[PDB]
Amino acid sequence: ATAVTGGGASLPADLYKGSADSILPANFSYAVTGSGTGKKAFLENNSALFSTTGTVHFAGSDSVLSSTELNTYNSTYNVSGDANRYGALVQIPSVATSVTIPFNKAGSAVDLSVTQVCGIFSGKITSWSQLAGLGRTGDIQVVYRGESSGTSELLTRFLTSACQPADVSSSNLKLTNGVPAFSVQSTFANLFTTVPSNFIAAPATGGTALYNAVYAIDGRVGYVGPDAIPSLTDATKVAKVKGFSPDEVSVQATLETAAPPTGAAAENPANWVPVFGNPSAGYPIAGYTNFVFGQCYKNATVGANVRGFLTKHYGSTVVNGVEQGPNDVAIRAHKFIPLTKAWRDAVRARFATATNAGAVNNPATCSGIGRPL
């Protein structure tokens, strides 16, 4: 009967559940809500948000835990001397992902400059005719995620990092340094003093609904994770960005630029999720989608089920002489990017290995405590 209750981010939802090669065990549930609602469900232990009951055991999120979220959690659920405390939480990367730019406008292959992407998503560029050489005219309508979204966070971090003031001048973006500027927002609408009228919220929760809305009306552009895209390589439907399709992320210039944390740094969940807002090479919109777990669970089978999952997902196996994570074929089949060996080894050793003080349901650290039955 034992269930492991989760949900959150839509971006990795089909890798996790419902597909023949999905990677979560059968007794794990995954309610699709977007990352913001997913974080809240876990942090406030609120299963109503996942349309169910009992304890929330985990979330998927491509929005990082904030300073405020961590402090609120710690001061409520992980209080020094509190026999009723839940204990620490665990934030870990699951897979890396691109953010793709699907658009619905018939014609030749589209390759957008940073300037052009910045102009489209700021509202500076409002007509297809303003994009030189694409052979297209008519209104641009941008579809965005109304709910708090990890995909919005990944896209906006990139735009905040890469866009120059000249790329977004004469737009309704909130000011930074006296000029309109992108800022990091999981709520995309929060970028603007007033949302421009050619920006429309997707009509239902999740990236799949945004995707379908893009193709419902001519001239639309959106942003979505890669798994829902039928072909990442079809530049007549999924824009290249500075000469790169969204399967051309540079692993060297992104994942390999940060090593797993150690010591006190590893005790801080914030340090388990590096961000790469402006990669020096390759497709430039990319980052991690993550899990949030509890370190401690009063239900010991839930703890064991989590460790079991972690042992596989962050495992190591050599196949045809090449080291890989056990789930890497499934990860790539869902158009995601496997974690590097250093990161799998680090997560496995700390969180999945029951003898480590930092592991899920480590007997010493979790003695007498945990997320409730």
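A residue's number is simply how far along the shown sequence it sits, counting from 1.
Visitor: Check the entry's C-alpha temperature factors for 151 to 159 and 273 to 281, then say which stretch has the higher mean.
Guide: Averaging CA B-factors over each stretch, the winner is 273 to 281.
Visitor: If you average the Cα B factors in the entry, which is higher, 127 to 135 or 217 to 225?
Guide: Looking at the recorded C-alpha B-factors, 127 to 135 comes out higher on average.
Visitor: Determine which member of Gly178, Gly146, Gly207, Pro93 has the highest CA B-factor, using the values in the deposited entry.
Guide: In the PDB entry, the greatest C-alpha B-factor among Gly178, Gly146, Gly207, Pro93 is found at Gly178.
Visitor: Highest Cα temperature factor in the entry, among the options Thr97, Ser250, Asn268, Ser113: which one is it?
Guide: Of the candidates given, the C-alpha B-factor peaks at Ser113.
Visitor: Thinking about Cα B factors across the chain, which third does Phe291 belong to?
Guide: Within its chain, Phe291 is a lowest-third residue by C-alpha B-factor, going by the deposited values.
Visitor: Could you place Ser122 in the lowest, middle or highest third of its chain by Cα temperature factor, using the values in the record?
Guide: Lowest third - that is where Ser122 ends up once the chain's C-alpha B-factors are sorted.
Visitor: What third of the chain does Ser51 rank in for C-alpha temperature factor, lowest, middle or highest?
Guide: As the PDB entry reports it, the C-alpha B-factor of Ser51 lands in the highest third of its chain.
Visitor: Report the third (lowest, middle or highest) to which the CA temperature factor of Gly308 belongs, ranking only the modelled residues of the same chain.
Guide: For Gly308, the deposited C-alpha B-factor lands in the middle third.
Visitor: Would you mind ranking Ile23 by its C-alpha B-factor against the rest of the chain and naming the third, lowest, middle or highest?
Guide: Tercile = middle for this residue's CA B-factor.
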